[PDB]
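Enquirer: Input structure: run-v3.pdb, which contains PDB, C-alpha atoms (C1' of nucleotides).
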```pdb
ATOM      1  CA  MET A   1       0.000   0.000   0.000  1.00  0.00           C
ATOM      2  CA  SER A   2       0.845   3.734  -0.442  1.00  0.00           C
ATOM      3  CA  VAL A   3      -1.190   6.949   0.223  1.00  0.00           C
ATOM      4  CA  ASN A   4      -1.689  10.651  -0.415  1.00  0.00           C
ATOM      5  CA  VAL A   5       0.089  12.717   2.355  1.00  0.00           C
ATOM      6  CA  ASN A   6      -3.344  14.023   3.578  1.00  0.00           C
ATOM      7  CA  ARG A   7      -6.901  12.447   3.331  1.00  0.00           C
ATOM      8  CA  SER A   8      -8.939  15.732   3.495  1.00  0.00           C
ATOM      9  CA  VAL A   9      -8.340  15.707  -0.324  1.00  0.00           C
ATOM     10  CA  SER A  10      -9.889  12.715  -2.196  1.00  0.00           C
ATOM     11  CA  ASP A  11      -8.116  13.428  -5.572  1.00  0.00           C
ATOM     12  CA  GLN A  12      -6.095  10.544  -7.157  1.00  0.00           C
ATOM     13  CA  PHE A  13      -3.792  13.157  -8.838  1.00  0.00           C
ATOM     14  CA  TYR A  14      -2.998  15.177  -5.629  1.00  0.00           C
ATOM     15  CA  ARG A  15       0.622  16.518  -5.544  1.00  0.00           C
ATOM     16  CA  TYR A  16       1.696  14.867  -2.235  1.00  0.00           C
ATOM     17  CA  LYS A  17       2.291  11.034  -1.834  1.00  0.00           C
ATOM     18  CA  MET A  18       4.179   8.868   0.743  1.00  0.00           C
ATOM     19  CA  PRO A  19       4.662   5.290   2.176  1.00  0.00           C
ATOM     20  CA  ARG A  20       2.396   3.877   4.961  1.00  0.00           C
ATOM     21  CA  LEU A  21       3.124   4.518   8.663  1.00  0.00           C
ATOM     22  CA  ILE A  22       3.151   1.188  10.612  1.00  0.00           C
ATOM     23  CA  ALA A  23       3.695   0.598  14.354  1.00  0.00           C
ATOM     24  CA  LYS A  24       4.292  -2.222  16.914  1.00  0.00           C
ATOM     25  CA  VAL A  25       2.381  -2.554  20.200  1.00  0.00           C
ATOM     26  CA  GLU A  26       4.911  -3.949  22.747  1.00  0.00           C
ATOM     27  CA  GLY A  27       4.826  -5.147  26.426  1.00  0.00           C
ATOM     28  CA  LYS A  28       1.822  -5.751  28.790  1.00  0.00           C
ATOM     29  CA  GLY A  29      -0.814  -3.729  30.757  1.00  0.00           C
ATOM     30  CA  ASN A  30       0.381  -0.872  33.042  1.00  0.00           C
ATOM     31  CA  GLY A  31       3.584  -0.854  30.822  1.00  0.00           C
ATOM     32  CA  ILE A  32       2.453  -0.900  27.114  1.00  0.00           C
ATOM     33  CA  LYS A  33       4.428   0.919  24.329  1.00  0.00           C
ATOM     34  CA  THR A  34       3.556   1.856  20.724  1.00  0.00           C
ATOM     35  CA  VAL A  35       6.761   1.968  18.553  1.00  0.00           C
ATOM     36  CA  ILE A  36       6.665   3.570  15.057  1.00  0.00           C
ATOM     37  CA  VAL A  37       8.743   1.538  12.552  1.00  0.00           C
ATOM     38  CA  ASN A  38       8.694   3.703   9.346  1.00  0.00           C
ATOM     39  CA  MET A  39       9.369   7.030  11.178  1.00  0.00           C
ATOM     40  CA  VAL A  40      12.833   7.853   9.647  1.00  0.00           C
ATOM     41  CA  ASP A  41      11.583   7.146   6.064  1.00  0.00           C
ATOM     42  CA  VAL A  42       8.311   9.123   6.676  1.00  0.00           C
ATOM     43  CA  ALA A  43      10.312  12.050   8.184  1.00  0.00           C
ATOM     44  CA  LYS A  44      12.618  11.930   5.072  1.00  0.00           C
ATOM     45  CA  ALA A  45       9.569  11.866   2.711  1.00  0.00           C
ATOM     46  CA  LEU A  46       8.027  14.885   4.598  1.00  0.00           C
ATOM     47  CA  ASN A  47      11.415  16.801   4.823  1.00  0.00           C
ATOM     48  CA  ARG A  48      11.424  17.252   8.688  1.00  0.00           C
ATOM     49  CA  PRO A  49      13.490  15.922  11.672  1.00  0.00           C
ATOM     50  CA  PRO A  50      11.817  12.719  13.104  1.00  0.00           C
ATOM     51  CA  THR A  51      11.385  14.356  16.578  1.00  0.00           C
ATOM     52  CA  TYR A  52       8.634  16.810  15.326  1.00  0.00           C
ATOM     53  CA  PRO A  53       6.039  14.268  13.930  1.00  0.00           C
ATOM     54  CA  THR A  54       6.663  11.928  16.929  1.00  0.00           C
ATOM     55  CA  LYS A  55       6.212  14.802  19.470  1.00  0.00           C
ATOM     56  CA  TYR A  56       2.925  15.934  17.796  1.00  0.00           C
ATOM     57  CA  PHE A  57       1.194  12.603  18.719  1.00  0.00           C
ATOM     58  CA  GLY A  58       2.113  13.042  22.445  1.00  0.00           C
ATOM     59  CA  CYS A  59       0.808  16.665  22.356  1.00  0.00           C
ATOM     60  CA  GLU A  60      -2.614  15.589  20.905  1.00  0.00           C
ATOM     61  CA  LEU A  61      -3.081  12.198  22.666  1.00  0.00           C
ATOM     62  CA  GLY A  62      -1.887  13.359  26.133  1.00  0.00           C
ATOM     63  CA  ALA A  63       0.986  10.816  26.305  1.00  0.00           C
ATOM     64  CA  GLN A  64       4.744  10.455  26.954  1.00  0.00           C
ATOM     65  CA  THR A  65       7.194   9.962  23.987  1.00  0.00           C
ATOM     66  CA  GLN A  66      10.746   8.468  23.780  1.00  0.00           C
ATOM     67  CA  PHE A  67      13.735   8.864  21.398  1.00  0.00           C
ATOM     68  CA  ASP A  68      16.962   6.738  21.489  1.00  0.00           C
ATOM     69  CA  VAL A  69      20.286   6.964  19.515  1.00  0.00           C
ATOM     70  CA  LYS A  70      21.428   3.533  20.941  1.00  0.00           C
ATOM     71  CA  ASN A  71      18.503   1.568  19.358  1.00  0.00           C
ATOM     72  CA  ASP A  72      16.805   3.991  16.779  1.00  0.00           C
ATOM     73  CA  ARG A  73      13.271   3.272  18.257  1.00  0.00           C
ATOM     74  CA  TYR A  74      10.720   6.155  18.191  1.00  0.00           C
ATOM     75  CA  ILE A  75       7.997   5.540  20.813  1.00  0.00           C
ATOM     76  CA  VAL A  76       4.575   6.885  21.929  1.00  0.00           C
ATOM     77  CA  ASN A  77       3.716   5.380  25.353  1.00  0.00           C
ATOM     78  CA  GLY A  78       0.439   3.410  25.797  1.00  0.00           C
ATOM     79  CA  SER A  79      -1.559   1.402  23.199  1.00  0.00           C
ATOM     80  CA  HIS A  80      -2.467   3.508  20.079  1.00  0.00           C
ATOM     81  CA  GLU A  81      -3.399   0.764  17.547  1.00  0.00           C
ATOM     82  CA  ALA A  82      -5.563   1.173  14.393  1.00  0.00           C
ATOM     83  CA  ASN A  83      -8.041   4.151  14.479  1.00  0.00           C
ATOM     84  CA  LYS A  84      -6.345   5.687  17.633  1.00  0.00           C
ATOM     85  CA  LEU A  85      -3.709   7.136  15.241  1.00  0.00           C
ATOM     86  CA  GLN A  86      -5.330   6.365  11.831  1.00  0.00           C
ATOM     87  CA  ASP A  87      -8.396   8.677  12.342  1.00  0.00           C
ATOM     88  CA  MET A  88      -5.875  11.617  12.660  1.00  0.00           C
ATOM     89  CA  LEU A  89      -2.752  10.606  10.601  1.00  0.00           C
ATOM     90  CA  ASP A  90      -3.302  13.832   8.528  1.00  0.00           C
ATOM     91  CA  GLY A  91      -2.788  16.054  11.618  1.00  0.00           C
ATOM     92  CA  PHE A  92       0.931  16.965  11.191  1.00  0.00           C
ATOM     93  CA  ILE A  93      -0.147  18.570   7.856  1.00  0.00           C
ATOM     94  CA  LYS A  94      -3.820  19.460   8.687  1.00  0.00           C
ATOM     95  CA  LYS A  95      -3.020  21.556  11.867  1.00  0.00           C
ATOM     96  CA  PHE A  96       0.266  23.203  10.636  1.00  0.00           C
ATOM     97  CA  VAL A  97       1.016  23.505   6.885  1.00  0.00           C
ATOM     98  CA  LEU A  98      -2.239  23.646   4.877  1.00  0.00           C
ATOM     99  CA  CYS A  99      -2.512  27.155   3.365  1.00  0.00           C
ATOM    100  CA  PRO A 100      -5.823  28.969   4.290  1.00  0.00           C
ATOM    101  CA  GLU A 101      -6.181  30.230   0.648  1.00  0.00           C
ATOM    102  CA  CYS A 102      -5.699  26.790  -1.071  1.00  0.00           C
ATOM    103  CA  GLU A 103      -5.355  23.112   0.091  1.00  0.00           C
ATOM    104  CA  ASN A 104      -1.687  22.767  -1.067  1.00  0.00           C
ATOM    105  CA  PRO A 105       0.863  21.997   1.801  1.00  0.00           C
ATOM    106  CA  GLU A 106       4.041  22.790  -0.291  1.00  0.00           C
ATOM    107  CA  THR A 107       5.260  24.527   2.857  1.00  0.00           C
ATOM    108  CA  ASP A 108       8.526  25.495   4.659  1.00  0.00           C
ATOM    109  CA  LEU A 109       9.544  26.598   8.214  1.00  0.00           C
ATOM    110  CA  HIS A 110      12.473  28.772   9.463  1.00  0.00           C
ATOM    111  CA  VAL A 111      13.273  29.150  13.211  1.00  0.00           C
ATOM    112  CA  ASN A 112      14.709  32.228  15.026  1.00  0.00           C
ATOM    113  CA  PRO A 113      15.538  30.530  18.410  1.00  0.00           C
ATOM    114  CA  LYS A 114      17.205  33.700  19.899  1.00  0.00           C
ATOM    115  CA  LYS A 115      13.915  35.728  19.399  1.00  0.00           C
ATOM    116  CA  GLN A 116      11.035  33.272  20.172  1.00  0.00           C
ATOM    117  CA  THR A 117       9.638  33.276  16.561  1.00  0.00           C
ATOM    118  CA  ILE A 118       8.875  30.541  13.943  1.00  0.00           C
ATOM    119  CA  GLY A 119       8.499  31.794  10.321  1.00  0.00           C
ATOM    120  CA  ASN A 120       6.182  29.963   7.851  1.00  0.00           C
ATOM    121  CA  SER A 121       6.010  30.098   3.988  1.00  0.00           C
ATOM    122  CA  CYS A 122       3.946  28.156   1.385  1.00  0.00           C
ATOM    123  CA  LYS A 123       5.092  27.993  -2.310  1.00  0.00           C
ATOM    124  CA  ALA A 124       1.590  27.317  -3.759  1.00  0.00           C
ATOM    125  CA  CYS A 125       0.105  30.886  -3.628  1.00  0.00           C
ATOM    126  CA  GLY A 126       2.858  32.851  -1.736  1.00  0.00           C
ATOM    127  CA  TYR A 127       1.123  32.640   1.716  1.00  0.00           C
ATOM    128  CA  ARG A 128       3.498  33.654   4.603  1.00  0.00           C
ATOM    129  CA  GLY A 129       3.312  34.238   8.392  1.00  0.00           C
ATOM    130  CA  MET A 130       4.057  32.339  11.654  1.00  0.00           C
ATOM    131  CA  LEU A 131       2.805  29.205  13.496  1.00  0.00           C
ATOM    132  CA  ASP A 132      -0.087  29.709  15.985  1.00  0.00           C
ATOM    133  CA  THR A 133       0.401  30.811  19.672  1.00  0.00           C
ATOM    134  CA  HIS A 134      -2.369  28.551  21.223  1.00  0.00           C
ATOM    135  CA  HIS A 135      -1.057  25.458  19.294  1.00  0.00           C
ATOM    136  CA  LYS A 136       1.158  22.971  21.264  1.00  0.00           C
ATOM    137  CA  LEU A 137       4.369  22.197  19.297  1.00  0.00           C
ATOM    138  CA  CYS A 138       5.852  25.786  19.131  1.00  0.00           C
ATOM    139  CA  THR A 139       7.558  25.320  22.582  1.00  0.00           C
ATOM    140  CA  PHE A 140       9.352  22.171  21.277  1.00  0.00           C
ATOM    141  CA  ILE A 141      10.476  23.621  17.867  1.00  0.00           C
ATOM    142  CA  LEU A 142      12.181  26.745  19.359  1.00  0.00           C
ATOM    143  CA  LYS A 143      14.291  24.451  21.672  1.00  0.00           C
ATOM    144  CA  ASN A 144      15.029  22.039  18.711  1.00  0.00           C
ATOM    145  CA  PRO A 145      15.810  24.119  15.521  1.00  0.00           C
ATOM    146  CA  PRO A 146      15.973  22.325  12.091  1.00  0.00           C
ATOM    147  CA  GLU A 147      19.152  21.045  10.359  1.00  0.00           C
TER     148      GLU A 147
ATOM    149  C1'   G B   1     -72.324  90.062   0.430  1.00  0.00           C
ATOM    150  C1'   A B   2     -69.943  84.774  -2.325  1.00  0.00           C
ATOM    151  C1'   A B   3     -65.433  82.671  -4.761  1.00  0.00           C
ATOM    152  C1'   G B   4     -60.323  84.137  -4.812  1.00  0.00           C
ATOM    153  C1'   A B   5     -55.150  86.311  -3.517  1.00  0.00           C
ATOM    154  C1'   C B   6     -50.640  88.708  -0.443  1.00  0.00           C
ATOM    155  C1'   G B   7     -48.801  88.511   5.006  1.00  0.00           C
ATOM    156  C1'   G B   8     -48.760  86.390  10.046  1.00  0.00           C
ATOM    157  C1'   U B   9     -49.633  82.171  13.601  1.00  0.00           C
ATOM    158  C1'   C B  10     -50.643  77.062  15.212  1.00  0.00           C
ATOM    159  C1'   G B  11     -48.759  72.491  13.130  1.00  0.00           C
ATOM    160  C1'   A B  12     -49.964  67.157  11.046  1.00  0.00           C
ATOM    161  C1'   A B  13     -46.851  64.883   7.588  1.00  0.00           C
ATOM    162  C1'   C B  14     -42.678  64.327   3.839  1.00  0.00           C
ATOM    163  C1'   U B  15     -37.044  64.271   2.308  1.00  0.00           C
ATOM    164  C1'   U B  16     -31.785  63.959   4.161  1.00  0.00           C
ATOM    165  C1'   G B  17     -27.577  63.280   7.510  1.00  0.00           C
ATOM    166  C1'   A B  18     -26.407  61.799  12.686  1.00  0.00           C
ATOM    167  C1'   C B  19     -27.191  59.771  17.680  1.00  0.00           C
ATOM    168  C1'   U B  20     -29.544  56.011  20.632  1.00  0.00           C
ATOM    169  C1'   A B  21     -32.920  51.815  23.083  1.00  0.00           C
ATOM    170  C1'   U B  22     -34.945  46.860  22.649  1.00  0.00           C
ATOM    171  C1'   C B  23     -35.397  42.265  20.057  1.00  0.00           C
ATOM    172  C1'   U B  24     -32.994  38.903  16.428  1.00  0.00           C
ATOM    173  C1'   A B  25     -29.577  36.046  12.542  1.00  0.00           C
ATOM    174  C1'   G B  26     -24.160  34.236  11.956  1.00  0.00           C
ATOM    175  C1'   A B  27     -18.244  31.965   9.105  1.00  0.00           C
ATOM    176  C1'   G B  28     -15.078  30.651  12.812  1.00  0.00           C
ATOM    177  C1'   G B  29     -13.075  30.710  17.927  1.00  0.00           C
ATOM    178  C1'   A B  30     -12.758  29.763  23.242  1.00  0.00           C
ATOM    179  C1'   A B  31     -15.026  28.130  27.966  1.00  0.00           C
ATOM    180  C1'   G B  32     -18.631  25.729  31.881  1.00  0.00           C
ATOM    181  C1'   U B  33     -21.879  21.783  33.925  1.00  0.00           C
ATOM    182  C1'   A B  34     -24.345  16.659  33.593  1.00  0.00           C
ATOM    183  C1'   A B  35     -23.058  11.440  32.622  1.00  0.00           C
ATOM    184  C1'   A B  36     -18.815   7.498  35.206  1.00  0.00           C
ATOM    185  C1'   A B  37     -16.642   0.160  32.562  1.00  0.00           C
ATOM    186  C1'   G B  38     -12.106   5.589  27.519  1.00  0.00           C
ATOM    187  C1'   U B  39      -6.369   7.367  27.595  1.00  0.00           C
ATOM    188  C1'   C B  40      -1.063   8.946  29.847  1.00  0.00           C
ATOM    189  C1'   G B  41       0.827   9.782  34.639  1.00  0.00           C
ATOM    190  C1'   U B  42       0.680   9.970  40.153  1.00  0.00           C
ATOM    191  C1'   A B  43       0.034  16.457  42.242  1.00  0.00           C
ATOM    192  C1'   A B  44      -2.836  16.185  47.529  1.00  0.00           C
ATOM    193  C1'   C B  45      -4.505  13.268  52.359  1.00  0.00           C
ATOM    194  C1'   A B  46       0.165   9.489  57.532  1.00  0.00           C
ATOM    195  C1'   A B  47       7.333  13.157  57.794  1.00  0.00           C
ATOM    196  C1'   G B  48       1.980  10.911  51.482  1.00  0.00           C
ATOM    197  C1'   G B  49       8.169   8.975  50.450  1.00  0.00           C
ATOM    198  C1'   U B  50      11.353  16.750  48.182  1.00  0.00           C
ATOM    199  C1'   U B  51       6.368  19.113  55.175  1.00  0.00           C
ATOM    200  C1'   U B  52       2.211  22.072  53.338  1.00  0.00           C
ATOM    201  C1'   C B  53       0.077  26.961  52.096  1.00  0.00           C
ATOM    202  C1'   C B  54       0.383  32.666  50.546  1.00  0.00           C
ATOM    203  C1'   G B  55       2.352  37.039  47.175  1.00  0.00           C
ATOM    204  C1'   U B  56       5.324  37.663  42.673  1.00  0.00           C
ATOM    205  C1'   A B  57       8.255  36.191  38.335  1.00  0.00           C
ATOM    206  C1'   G B  58      10.278  32.616  34.860  1.00  0.00           C
ATOM    207  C1'   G B  59       9.690  27.451  32.613  1.00  0.00           C
ATOM    208  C1'   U B  60       7.155  22.773  30.712  1.00  0.00           C
ATOM    209  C1'   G B  61       2.343  16.569  27.240  1.00  0.00           C
ATOM    210  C1'   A B  62      -0.513  17.286  31.754  1.00  0.00           C
ATOM    211  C1'   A B  63      -1.106  17.034  36.845  1.00  0.00           C
ATOM    212  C1'   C B  64       3.232  20.675  38.075  1.00  0.00           C
ATOM    213  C1'   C B  65       8.908  22.310  38.960  1.00  0.00           C
ATOM    214  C1'   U B  66      12.492  26.484  40.305  1.00  0.00           C
ATOM    215  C1'   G B  67      14.155  31.581  42.376  1.00  0.00           C
ATOM    216  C1'   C B  68      12.961  35.665  46.439  1.00  0.00           C
ATOM    217  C1'   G B  69      10.242  37.327  50.904  1.00  0.00           C
ATOM    218  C1'   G B  70       6.154  35.544  54.570  1.00  0.00           C
ATOM    219  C1'   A B  71       2.649  31.930  57.629  1.00  0.00           C
ATOM    220  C1'   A B  72       1.844  27.272  61.081  1.00  0.00           C
ATOM    221  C1'   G B  73      -3.558  26.223  59.891  1.00  0.00           C
ATOM    222  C1'   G B  74       3.867  21.734  61.784  1.00  0.00           C
ATOM    223  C1'   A B  75       6.377  16.949  62.069  1.00  0.00           C
ATOM    224  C1'   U B  76       9.113  21.573  67.796  1.00  0.00           C
ATOM    225  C1'   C B  77       4.471  25.262  73.522  1.00  0.00           C
ATOM    226  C1'   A B  78      11.213  22.399  76.157  1.00  0.00           C
ATOM    227  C1'   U B  79      17.665  21.774  75.534  1.00  0.00           C
ATOM    228  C1'   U B  80      20.678  23.132  80.378  1.00  0.00           C
ATOM    229  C1'   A B  81      28.315  27.540  81.740  1.00  0.00           C
TER     230        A B  81
END
```
Please lay out the structure from this file as structure tokens.
Expert:
Amino acid sequence: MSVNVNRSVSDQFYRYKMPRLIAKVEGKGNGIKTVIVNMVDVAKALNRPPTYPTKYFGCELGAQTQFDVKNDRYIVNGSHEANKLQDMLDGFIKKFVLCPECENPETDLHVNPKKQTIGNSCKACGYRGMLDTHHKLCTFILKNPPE
RNA sequence: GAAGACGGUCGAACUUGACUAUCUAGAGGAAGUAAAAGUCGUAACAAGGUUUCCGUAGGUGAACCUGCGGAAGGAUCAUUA
């Protein structure tokens, strides 16, 4: 299987396409993990560091997240099988990088970590601005600027 | 001595701009209370495993942590030339 990057658009010819995201449920009750297997390839296909899309699930779900250089596992704590992610797999696009003028997420970020500001720019119609101040992930991005 | 006309004086109503009082519709946003077999933790109650609480300021998935100055409603009404 393969998919469009976002399912709010039903078009077969939509500009954005990527591999599936698949995960393992591991352990037993009071200590369950969900580990995301494709995360480095999905982060490469979306042109972002793999910390940002992993951190967004913990911000929405109300859950802990882990990262590890010794084992390369990316983890969201608790059981999040099937619909518990797959109803909202669009979200890292749908709550950040859709343009309000047109539904075309051909979109870039630049971080000014010395001055508490994240700049945003979409190629599709020239839409520019910043990320939202009520939204969760802004406090993580300013402490973790892009490569 | 009839119709009619100039001038005053009451003043309904009409046009135009502004102010204002009630009721009423709405993209989208952000909160509160019912219900008690959803999810991730374990902040408070026994020294609750870092005593707790107040004012103010900064910081984070969340409960919350840290700096400065107070309170006991404390876990001491007491410590010896």
Enquirer: Starting from the displayed file, determine the output of the PyMOL selection byres ((chain A) within 7 of (chain B)) and express the residue list as a ChimeraX atom specification.
Expert: /A:58-59,62-64
Enquirer: In Å, how far is it from atom CA of residue 134 of chain A to atom CA of residue 23 of chain A?
Expert: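 Computing the Euclidean distance for atom CA of residue 134 of chain A and atom CA of residue 23 of chain A yields 29.4 Å.
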Enquirer: Which polymer residues have any atom within 12 Å of an atom of segment 66-74 of chain B, counting only C-alpha atoms (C1' of nucleotides), with same-chain residues fewer than 6 positions away left out, as a list in words?
Expert: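 In the requested form, the answer reads residues 47, 51, 52, 53, 54, 55, 56, 57, 58, 59 and 60 of chain B.
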Enquirer: Name the residues, using the chain letters and numbers of the file, that sit within 12 Å of (13.3, 31.0, 12.2) when counting only C-alpha atoms (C1' of nucleotides), and give them as a PyMOL selection string.
Expert: chain A and resi 108-121+129-131+138+141-147
Enquirer: Would you kindly translate the PyMOL selection byres ((chain A and resi 73) around 10) into the concrete residues it picks from this file, as JSON, numbers by chain?
Expert: {"A": [35, 36, 37, 39, 40, 66, 67, 68, 69, 70, 71, 72, 74, 75]}
Enquirer: I would like the residues chosen by the PyMOL selection byres ((chain A and resi 4-17) around 10) on the shown file; could you give them as a PyMOL selection string?
Expert: chain A and resi 2-3+18-20+42+45-46+87-94+98+103-106
Enquirer: Would you save the residues from that selection as an mmCIF file, keeping the file's coordinate frame, using C-alpha atoms?
Expert:
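Written output follows (selection.cif):
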```cif
data_model
loop_
_atom_site.group_PDB
_atom_site.id
_atom_site.type_symbol
_atom_site.label_atom_id
_atom_site.label_comp_id
_atom_site.auth_asym_id
_atom_site.auth_seq_id
_atom_site.Cartn_x
_atom_site.Cartn_y
_atom_site.Cartn_z
ATOM 1 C CA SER A 2 0.845 3.734 -0.442
ATOM 2 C CA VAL A 3 -1.190 6.949 0.223
ATOM 3 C CA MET A 18 4.179 8.868 0.743
ATOM 4 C CA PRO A 19 4.662 5.290 2.176
ATOM 5 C CA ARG A 20 2.396 3.877 4.961
ATOM 6 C CA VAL A 42 8.311 9.123 6.676
ATOM 7 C CA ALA A 45 9.569 11.866 2.711
ATOM 8 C CA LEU A 46 8.027 14.885 4.598
ATOM 9 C CA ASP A 87 -8.396 8.677 12.342
ATOM 10 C CA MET A 88 -5.875 11.617 12.660
ATOM 11 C CA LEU A 89 -2.752 10.606 10.601
ATOM 12 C CA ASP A 90 -3.302 13.832 8.528
ATOM 13 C CA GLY A 91 -2.788 16.054 11.618
ATOM 14 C CA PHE A 92 0.931 16.965 11.191
ATOM 15 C CA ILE A 93 -0.147 18.570 7.856
ATOM 16 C CA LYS A 94 -3.820 19.460 8.687
ATOM 17 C CA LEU A 98 -2.239 23.646 4.877
ATOM 18 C CA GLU A 103 -5.355 23.112 0.091
ATOM 19 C CA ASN A 104 -1.687 22.767 -1.067
ATOM 20 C CA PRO A 105 0.863 21.997 1.801
ATOM 21 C CA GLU A 106 4.041 22.790 -0.291
#
```
Enquirer: Just give me the gap between atom CA of residue 55 of chain A and atom CA of residue 135 of chain A in Å, one decimal is fine.
Expert: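 Separation of atom CA of residue 55 of chain A and atom CA of residue 135 of chain A: 12.9 Å.
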Enquirer: Would you kindly return, as a count of residues only, each protein, DNA or RNA residue with an atom no farther than 9 Å from any atom of segment 25-32 of chain A, considering all atoms listed in the file and excluding same-chain residues fewer than 4 positions away?
Expert: 5
Enquirer: Please, what distance in Å, to one decimal, runs between atom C1' of residue 63 of chain B and atom CA of residue 61 of chain A?
Expert: 15.1 Å
Enquirer: Write out as a PyMOL selection string each polymer residue whose atoms come within 9 Å of residue 99 of chain A, counting all atoms listed in the file; drop sequence neighbours fewer than 6 positions from it.
Expert: chain A and resi 105-107+122+124-125+127-128
Enquirer: Based on the selection just made, write C-alpha atoms of those residues as a compact mmCIF listing (two decimals), keeping the file's coordinate frame.
Expert:
```txt
# COMPACT_ATOMS: atom_id res chain seq x y z
CA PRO A 105 0.86 22.00 1.80
CA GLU A 106 4.04 22.79 -0.29
CA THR A 107 5.26 24.53 2.86
CA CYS A 122 3.95 28.16 1.38
CA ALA A 124 1.59 27.32 -3.76
CA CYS A 125 0.10 30.89 -3.63
CA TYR A 127 1.12 32.64 1.72
CA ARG A 128 3.50 33.65 4.60
```
